[PDB]
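Residue numbers (the working numbering), protein chains in the order written: chain A, 90 to 354; chain B, 4 to 267.
Every residue gets a Cβ at the ideal spot worked out from N, C-alpha and C, and that includes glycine.
Report on the following structure.
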Ligand SMILES: Fc1ccc(-c2ccn[nH]2)nc1
Ligand SMILES: Fc1ccc(-c2ccn[nH]2)nc1
Ligand SMILES: Fc1ccc(-c2ccn[nH]2)nc1
Ligand SMILES: Fc1ccc(-c2ccn[nH]2)nc1
Ligand SMILES: Fc1ccc(-c2ccn[nH]2)nc1
Ligand SMILES: Fc1ccc(-c2ccn[nH]2)nc1
């Protein structure tokens with residue numbers, strides 16, 4: 090992996106592993122999400138972050154994901170080489186955006202794209218803050234100054250407000266709990282695990298006869314390593330669409346909402 | 004990744020990823036088991052295999068793991084490059100063995116090793132069956148002829164019989180269920196998932212104060228996509244543990260194991 094010529098983006102090649110594929114012998118959207126996270130981490134390391142600054146670490150401030158949007162046109166095959174380019178851009182005091190483009194190394198064709206909104210939060214209190222100038226100014230030398238959008242379309246499917254699924258749900262998967270392998274190095278549930286829990290309530294028949302094209306996930310609250318999750322899905326629709334909700338099995342506190350678009354194989 | 008000069012073993016390098024590390028910012032034993040699995044599939048691929056022969060495929064016969072034995076001396080750091088060498092060997096009609104050696108790619112020091120026993124099974128009936136001479140000659144030109152052992156020591160840790168934990172267990176984690184990310188390309192629960200379920204009944208303070216040195220796991224029966232698992236652990240002491248996985252309902256055995264932990 091390396092910063093591009095201009096130092097304002099990062100590129101990395103991945104060979105798809107045997108255990109990274111599903112029934113199609115192609116990469117799951119969870120392997121894709123993990124590769125996005127790895128290249129994002131390598132980009133931050135490459136310019137001397139860890140993705141907080143010294144100002145942020147001093148104030149116990151972190152970046153957390155508010156929205157993930159992924160679009161896949163073709164899932165890579167086991168042993169295929171995929172190339173991912175990633176960069177960040179300020180969206181003012183609200184937060185920052187990380188975008189990705191996925192390419193077939195052999196053809197150079199775009200096979201997917203992703204974008205993500207991040208907000209600043211106090212580690213301890215869990216309270217959001219707007220981004221100070223001094224923090225804004227720290228990152229600005231690592232980001233393009235002209236807009237560079239994975240989803241340029243002034244109004245695109247990555248920017249809808251997602252509605253709250255109403256009881257009763259059409260489909261559900263009850264009593265989901267994280268195991269150690271779902272935790273990151275700070276013992277929080279990995280952002281990708283929530284993607285997996287959302288998809289657990291899609292019926293096997295959809296998964297057997299459709300491919301996931303688009304997923305948008307909002308992150309409201311985190312599942313604590315000793316919480317239990319219920320996953321709820323309702324059909325909203327040759328294209329199939331679904332509304333998704335994750336909530337704590339007990340009190341019914343919302344942790345995520347989302348939408349998926351599937352096309353027939 | 005490439006077969007070695009003599010065509011009788013396979014080598015592959017891996018850069019340890021951000022999401023592959025635990026709270027020590029080193030590779031989990033599950034990330035290590037995944038890497039063993041990946042180099043193993045690449046070795047089978049490099050010499051023409053499915054790791055079944057066209058004869059086996061016609062008979063609806065597969066290889067299934069009876070036993071996994073892993074010993075780690077140092078877990079690789081995030082960003083570190085680890086080199087894994089792997090090879091197979093007949094143990095006659097009973098089954099075959101796959102061995103691995105893990106090296107630090109910078110120092111060339113051995114940081115771990117693993118061995119596994121594999122038995123032939125009819126995919127449909129799930130009946131064991133011993134290995135025929137036709138299905139043996141096919142594999143023997145891909146395997147060293149002189150014995151080559153990751154664990155050479157005549158009657159060593161990897162060859163003990165594992166006893167059945169007795170209720171009540173000291174510790175338990177119940178209601179464990181696989182998700183799609185736990186399945187392989189044939190929609191079976193991945194061999195590595197069971198290692199994760201065994202370790203789920205180890206208390207957090209052990210995991211926080213010890214590093215895992217040795218794990219031996221026997222594979223008795225599959226967890227189906229819609230089965231529920233209970234994980235049971237009892238201290239048998241360095242700290243040592245006996246392990247049992249069983250179906251939450253009828254309490255049918257799917258695995259047994261032991262783990263050895265060193266104080267950090
Ligand atoms: F689905 C995703 C994709 C990327 C990430 C990410 C990038 C840096 N840290 N985490 N998280 C979830
Ligand atoms: F706004 C952002 C975008 C990316 C990241 C990130 C986390 C780990 N690598 N990169 N953090 C905040
Ligand atoms: F909010 C963020 C987080 C990370 C980055 C970043 C990492 C490497 N280059 N730029 N930029 C903004
Ligand atoms: F711990 C494990 C589990 C599975 C495997 C394996 C090798 C080839 N297929 N599966 N290797 C090590
Ligand atoms: F005895 C063996 C040894 C290796 C394997 C195997 C399966 C997938 N890759 N390698 N199977 C049985
Ligand atoms: F039972 C087995 C399974 C796989 C192999 C193998 C794969 C590559 N070389 N040898 N040998 C014996």
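9 Å Cβ cutoff, residue i in contact with chain B
| i | result |
| --- | --- |
| residue 232 of chain A | no |
| residue 212 of chain A | no |
| residue 265 of chain A | yes |
| residue 91 of chain A | no |
| residue 286 of chain A | yes |
| residue 334 of chain A | no |
| residue 338 of chain A | no |
| residue 301 of chain A | no |
| residue 345 of chain A | no |
| residue 175 of chain A | no |
| residue 272 of chain A | yes |
Beta-carbon spacing of residue i, residue j below 9 Å
| i | j | result |
| --- | --- | --- |
| residue 12 of chain B | residue 171 of chain B | no |
| residue 265 of chain A | residue 318 of chain A | yes |
| residue 245 of chain B | residue 239 of chain B | yes |
| residue 59 of chain B | residue 107 of chain A | no |
| residue 162 of chain A | residue 115 of chain A | no |
| residue 186 of chain A | residue 206 of chain A | yes |
| residue 31 of chain A | residue 286 of chain A | For chain A, the structure presents residues 90 to 354; residue 31 of chain A sits outside this window and is missing. |
| residue 182 of chain B | residue 289 of chain A | yes |
| residue 90 of chain A | residue 131 of chain A | yes |
| residue 237 of chain B | residue 173 of chain B | yes |
| residue 168 of chain B | residue 217 of chain B | no |
| residue 92 of chain A | residue 139 of chain A | no |
| residue 250 of chain A | residue 194 of chain A | no |
Residue i classed as buried or exposed, judged by whether at least 16 other C-beta atoms fall within 10 angstroms
| i | result |
| --- | --- |
| residue 92 of chain B | buried |
| residue 117 of chain A | buried |
| residue 126 of chain A | buried |
| residue 229 of chain B | exposed |
| residue 260 of chain B | buried |
| residue 177 of chain B | exposed |
| residue 208 of chain A | buried |
| residue 160 of chain A | buried |
| residue 84 of chain B | exposed |
| residue 212 of chain B | exposed |
| residue 281 of chain A | buried |
| residue 143 of chain A | exposed |
| residue 94 of chain B | exposed |
| residue 196 of chain A | exposed |
Candidates the options: closest to residue i by CA position
| i | options | result |
| --- | --- | --- |
| residue 128 of chain B | B:62, B:23, B:143 | B:62 |
| residue 200 of chain A | A:324, A:166, A:340, A:91 | A:166 |
| residue 94 of chain A | A:174, A:158, A:128, A:115 | A:174 |
| residue 336 of chain A | A:348, A:312, A:324, A:327 | A:312 |
| residue 3 of chain B | B:49, B:168, B:209, B:199 | Because residue 3 of chain B is not part of the residues shown, which for chain B are 4 to 267, the question remains open. |
| residue 65 of chain B | B:161, B:72, B:54, B:71 | B:54 |
| residue 70 of chain B | B:258, B:220, B:237 | B:220 |
| residue 86 of chain B | B:95, B:112, B:100 | B:112 |
| residue 72 of chain B | B:16, B:222, B:27, B:132 | B:222 |
| residue 67 of chain B | B:207, B:130, B:262, B:243 | B:130 |
| residue 133 of chain A | A:260, A:96, A:223 | A:96 |
| residue 257 of chain B | B:138, B:197, B:53 | B:197 |
| residue 215 of chain B | B:237, B:241, B:224 | B:241 |
| residue 129 of chain A | A:112, A:110, A:168, A:176 | A:176 |
| residue 360 of chain A | A:224, A:192, A:255 | Nothing about residue 360 of chain A can be read from this structure; chain A reaches only from 90 to 354. |
| residue 399 of chain A | B:25, B:103, B:19 | The structure shown does not extend to residue 399 of chain A, since chain A is modelled only from 90 to 354, so the question has no answer here. |
| residue 270 of chain A | B:35, B:103, B:6, B:18 | B:35 |
| residue 51 of chain B | B:19, B:98, B:141 | B:141 |
| residue 23 of chain B | A:105, A:272, A:113 | A:272 |
| residue 113 of chain A | B:126, B:190, B:135 | B:190 |
| residue 139 of chain B | B:206, B:82, B:98 | B:98 |
9 Å Cβ cutoff, residue i in contact with chain A
| i | result |
| --- | --- |
| residue 28 of chain B | yes |
| residue 68 of chain B | no |
| residue 41 of chain B | yes |
| residue 81 of chain B | yes |
| residue 109 of chain B | no |
| residue 55 of chain B | no |
| residue 226 of chain B | no |
| residue 119 of chain B | no |
| residue 48 of chain B | yes |
Distance cut-off 8 Å: residue i Cβ against heavy atoms of ligand 7
| i | result |
| --- | --- |
| residue 200 of chain B | What this structure holds is ligand 1, ligand 2, ligand 3, ligand 4, ligand 5 and ligand 6, not ligand 7. |
Query raised in the report: Pick out every residue whose C-beta is nearer than 5 Å to a heavy atom of ligand 3: which are they, in chain order?
Result: Listed along the chain, these residues meet the criterion: A:132, A:133, A:136, A:140, A:177, A:185, A:228, A:231.
Query raised in the report: Taking a cut-off of 5 Å, which residues have a beta-carbon closer than that to any heavy atom of ligand 4, in chain order?
Result: A Cβ closer than 5 Å to some heavy atom of ligand 4 marks a residue here, and those residues are B:36, B:39, B:40, B:43, B:71, B:194.
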